[PDB]
Structure formats: C-alpha cells, structure tokens
Amino acid sequence: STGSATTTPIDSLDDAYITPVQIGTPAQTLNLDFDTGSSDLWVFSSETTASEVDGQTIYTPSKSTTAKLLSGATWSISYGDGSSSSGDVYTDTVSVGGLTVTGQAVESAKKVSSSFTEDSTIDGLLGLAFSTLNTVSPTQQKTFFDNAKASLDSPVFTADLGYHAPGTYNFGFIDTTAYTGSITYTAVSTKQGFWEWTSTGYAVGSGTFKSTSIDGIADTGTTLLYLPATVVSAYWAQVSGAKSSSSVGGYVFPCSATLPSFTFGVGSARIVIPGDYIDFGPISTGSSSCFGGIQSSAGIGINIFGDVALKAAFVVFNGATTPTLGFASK
C-alpha cells in the first residue's frame, strides 16, 4: 500500500504545516501537524476542556463506530517550545492520503497549553519519530508509520515541504519526479528516539564550505533551523545590522536586508537554503526589525534541522531495519 497527502502552510510565514487526516467511522477529518520530532498522535476532542478550544476541529469518539477506549491509558507530552497537552486514549481507524491503519492509538486531549488553544489552524499532532518516544502509559503505543510500515510497498515516508506553498507527505514510495539529481542517504542514530544524523558542514552565501560535523535531528514539527552558536554567528555576520536580541529571543535583522543563502552538507552533497527562506518577518506588526530563520541551539541541547532546512530538500525517512535519511535538491 501507499498514501499521499498534501501539506499546507498554516500562515504566510510557513510557521507550521497541516495535513488532513481521517479518523473514525464515518470519517472525521482533522488537520494535523506531522511532526518527525515526536511520537504521539493526539487531537483536540470532545473531551478537551471547553475553554481551551478556540476554533479547532474536534474528534468526537462517541460518534465513531470503530472507536474503542484504550482502558487505563493516559498520555502527557511537553514539547521543546514549552507547550504541552495530555489526556486519555482511544484506538480507531486512521487514514492519511488513502493509507489506512486500523487500531491506531488516537490520543484525545483533555488539556492543552495556551499556544495550542491560540492556534485555531492545528487540530493536533501526528508524530513520526520513533515509537520509543511515545508517551502513552502504562502501555506505550506505536506511531502511524510504525503501524503502517509492514503494509507499505517500501518502509519509507517522504517530506516535501513547500516554501510559501503546499507540499506533500508520501508513505510507502519515493516519487522520483519530486526531486532533481540523486538522493544522498546518510546514517541515523535512533538512540534518542529522533531521526538524528550528522551534517558534514555548511557555507554562508557564496562563501567557502566549512567541513565540520553537525549532529542534529530532522524535525518537521520545528519551524526554524537551530545550529551551534559559532555557525549561526558566522551566518548573521554577513547581514548588515543583524544582532542577537535577548529581549526578542534570538537573531533579528533589518527588514530591508537581502539575506544570503545557507548551505548544509549531506555527505558529499549540498542542500542550499535560499536567503528568502530565512526571513520570518517583522518581530511585531509594523516593525522594521525582522526575525531570523537560523537561530542558536545553545541551551536547547540538540541541533534541529527544522522546516527552514527541510523545505529546501526532498527528504526520505527510511524506516528499514537500519533506518537512514535521504536528502535531494528539488
């Protein structure tokens, strides 16, 4: 089997991407944030505290003839941005782009933190990291991909995120028309539950490539590119007037600037992030200070190849017995 679904930016900045997901019988379609940095499929629901729902579409398990309470199971998750959610668990039928899993754990939120409430466009998350990170207790549950894997034509999924445009998540096949050149595959460590790999270096604009190992995670659920402070300083030094602002929470730059590209290495291959992808717009409405899309990972404890980096590539998440990642230009 295979599946193929379009993923759409939630706003004009590509702050996140939503993908429609069918849950239950009859189908209830929710727009979920596919997150290769976490491993829980959780949704706003008829159980979510009413004051914490503000425009999201909810899953109502009592209206699904295939929903079953997973007795005694609870979940609770905290994300790197400080947001969180928790609740109980049903199993139900879940379909993505024509690919169906029966008995998928659907984590129903009883509580969500303010940032989730305040984002009416995201109805929940669909985790695509390794199932060892799933938070369901006392019986840990599998991700949608883990449950689908054995049925897929090939044990892979691909992320093809758009810049200010829709893109595609495919399951079970590699669309050879969706990228240019060849796909370069690179080793993955699953020791922390992430799609963790080592980039071979970077370049800023037209500058020379610096060969240096940068361990980090391929994380579709993180907006920006978080790299070591040395690398980030080297980037922003090429932008007149750019500075790190403690009050804003990162590097800002004059909105009048033209940003240089940023290249990262995948083995001997190179992925180029155009400068425009690194512009996240005014820090507040009407400001001429703009927020940068490359930020320091110092204090986060891990480097994160988030959407800014991944949207410059066609990315293969290879869930073979020994997982690997593939990157191609597009």
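Residues numbered from 1 in each chain as written, not as in the entry; some residues may be left out. Heavy atoms only, no water. Residues with missing side-chain atoms left out of burial classes, pairs and counts.

In terms of determination method and resolution, the entry is listed under X-ray crystallography at 1.03 Å.

**Digging into the UniProt feature "disulfide bond" in the protein**
Threshold: Working definition: a disulfide is two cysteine sulfur atoms within 2.5 Å of each other. UniProt positions are given in the numbering used here, feature names are shortened, and annotations may be inferred rather than shown by experiment. A helix here means a DSSP run of H or I that spans at least four residues, while a strand means a run of E at least two residues long, and both kinds are numbered starting from the N terminus. Exposure categories follow from relative accessible area, calculated using a 1.4 Å probe and restricted to protein chains: below 20% of the type maximum is buried, above 50% is exposed, and the middle band is partly exposed.
A sulfur-sulfur distance of 2.0 Å is found for the UniProt-listed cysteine pair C255 and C290, consistent with formation of the disulfide (criterion: under 2.5 Å). In this pair, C255 sits in the loop between β16 (250-254) and β17 (262-266) while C290 sits in strand β20 (residues 289-292), placing the two residues 35 residues apart along the sequence. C255 gets classed as partly exposed once you look at its relative accessible area, which sits at 27%.

**Remarks on the UniProt feature "active site" in the protein**
Convention followed: Any pair of N or O atoms that falls within 3.5 Å is considered a polar contact. Within protein, one atom must be able to donate a hydrogen and the other to accept it, and sequence-neighbouring residues count only if both atoms are side-chain atoms.
Listed under "active site" in the UniProt record, and renumbered for this structure, are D35 and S199. At a separation of 2.6 Å, a polar atom in the side chain of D35 contacts the side chain of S38. By the secondary structure assignment, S199 is in strand β12 (residues 196-204).

**Section: the state of the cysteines**
Counting across every chain of the model gives 1 disulfide. A disulfide bridge connects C255 with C290, and the sulfur atoms are separated by 2.0 Å. Judged by the sign of its S-S torsion, about 105°, the cystine formed by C255 and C290 is right-handed. Residue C290 is classed as buried on the basis of its relative accessible area, which comes to 3%.

**Remarks on the environment of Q22**
Inclusion rule: Contacts are residue-level and defined by heavy atoms, with any inter-residue pair within 4.5 Å sufficient.
Structurally, the position occupied by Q22 is in strand β2 (residues 17-23). The spacing of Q22 and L99 is 77 residues in sequence and 9.9 Å in space, taken between C-alpha atoms. Not counting the four nearest positions on each side in its chain, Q22 is found in contact with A27, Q28, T29, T93, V94 and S95.

**Focus on the sheet that holds β20**
Counted only if it meets this: Any two strands with at least two DSSP bridges between them are considered paired. Every angle, taken between N-to-C directions, lies between 0 and 180 degrees, and every axis is a line fitted to C-alpha atoms, over only the stretch in contact when it is a helix.
Spatially, the 4 strands line up as an open sheet ordered β15-β16-β20-β19, and their pairing is antiparallel. The open sheet has two edge strands, β15 (243-245) and β19 (279-282), and neither has a second partner. On average, adjacent strands in this sheet sit at an angle of 40° to one another, irrespective of strand direction. As judged from the 3 bridges shared by β16 and β20, these two strands associate in the antiparallel manner. Directly across from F253, in β20, lies its bridge partner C290.

**As for the pattern of salt bridges**
We apply this condition: Here, a salt bridge means any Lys or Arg side-chain nitrogen found within 4 Å of an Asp or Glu carboxyl oxygen.
Under the criterion given, the structure shown has 2 salt bridges. With a closest N to O distance of 2.8 Å, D14 and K311 form a salt bridge. Taken together, the residues span a long stretch of sequence, with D14 in the loop between β1 (3-9) and β2 and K311 in the loop between α4 (307-310) and β23 (314-318) at a distance of 297 residues. Residue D14 is classed as buried on the basis of its relative accessible area, which comes to 0%. Owing to a relative accessible area of 1%, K311 belongs among the buried residues under this scheme.

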